[PDB]
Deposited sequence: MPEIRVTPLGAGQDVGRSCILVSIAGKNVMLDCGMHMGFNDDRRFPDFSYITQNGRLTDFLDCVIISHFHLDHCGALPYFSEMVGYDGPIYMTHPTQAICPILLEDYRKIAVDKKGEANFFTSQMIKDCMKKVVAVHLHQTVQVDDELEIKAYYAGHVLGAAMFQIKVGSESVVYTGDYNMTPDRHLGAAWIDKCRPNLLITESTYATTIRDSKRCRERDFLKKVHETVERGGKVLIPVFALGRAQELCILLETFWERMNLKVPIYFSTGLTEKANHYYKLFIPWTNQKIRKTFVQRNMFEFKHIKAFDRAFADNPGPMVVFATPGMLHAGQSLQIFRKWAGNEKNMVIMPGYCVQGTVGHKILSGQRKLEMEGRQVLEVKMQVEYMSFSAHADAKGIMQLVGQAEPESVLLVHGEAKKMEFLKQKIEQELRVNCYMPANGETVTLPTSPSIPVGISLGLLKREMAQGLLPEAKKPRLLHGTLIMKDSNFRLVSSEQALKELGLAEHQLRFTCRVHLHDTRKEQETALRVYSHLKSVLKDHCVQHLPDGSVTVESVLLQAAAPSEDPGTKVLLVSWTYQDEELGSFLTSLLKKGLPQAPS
């Protein structure tokens, strides 16, 4: 039989550590994380599976998002797992630059108590067997894995896990919208026993045009723009918008960029071309310096800490403010503790050290550039795979209720949406 326990994320986004037991093999299907929490709740509970080396055949990391790989250098080298971790080739490279940024958020969020070091990040990356797409990898004599093209971010794969004839495919964070970037998800008729989807957009070009219109409006009336991004997340998607629209209507006003852990978008684009073009089966954007934002006139800057975590982004956002021509675009969730949640929640009086209330009079806009499958795409992936049962391990339970109702209504299949720790049996 197949017993699946969502160890951290079965009915919430964050701490994705779904665990699958098939005929004799236990596999860990992510090692998620949670921003917000700062003490041992940021990570999944690894006390419900005890040694791990002798017990866990595989660890599988879907994509490079920090809620699917955040605990991986903690689970491997603090908890004590010595085995194979299976990331697609792009994910293995983006992940040690995404996770060396959480170590910075945590280092200054004073939350480095039970936490992974940089050396531990390198050691966890050295335990990775990076697979290619559509390649069947043998981990035992009878258990094999096979990555697919999910089309969500640069490195998203839909891993199939199979012993004999019984199998389960974890489609962690796919997409079904072919846009001006990474395309849609493809899975063939594996026809497995279980399909462990994601359900973030359960009840689900306008953003493409509106992003460029809203930066175009405030670089021509002398205002300035800040986009708070992570290191190699969704910034590289917005860079090609700010080059393609700026071929059309240049205005030749500056566009900066700043990470410190990578180049602007070239190591991303060494991997983007073969991944997007083969594996399905710039002069405008420049560099940024810490003093390069005091220059007057219009400007567009991408900042290093996402979500307005305290860093480059906080300083730049704090410094544009007071000018109503200036503007900031939020493309991400901005968790509770962050300044981003404070400004896209509705507040315009924010506090800092001492009593310095900041009169935020910037324009504030939020265009969610997250590429997940909506309602129709999830059932189209289920139709592609044609499974025997569907599992929902991402998204809120209120929408997952309706997705359960629909995916049980039209497609006559059994859908389970377990909470954290619940074990479902097939």
* Missing stretches, numbered from 1 on the deposited chain sequence and kept in order -> 1-2, 53-55, 210-214, 292-301, 447-600
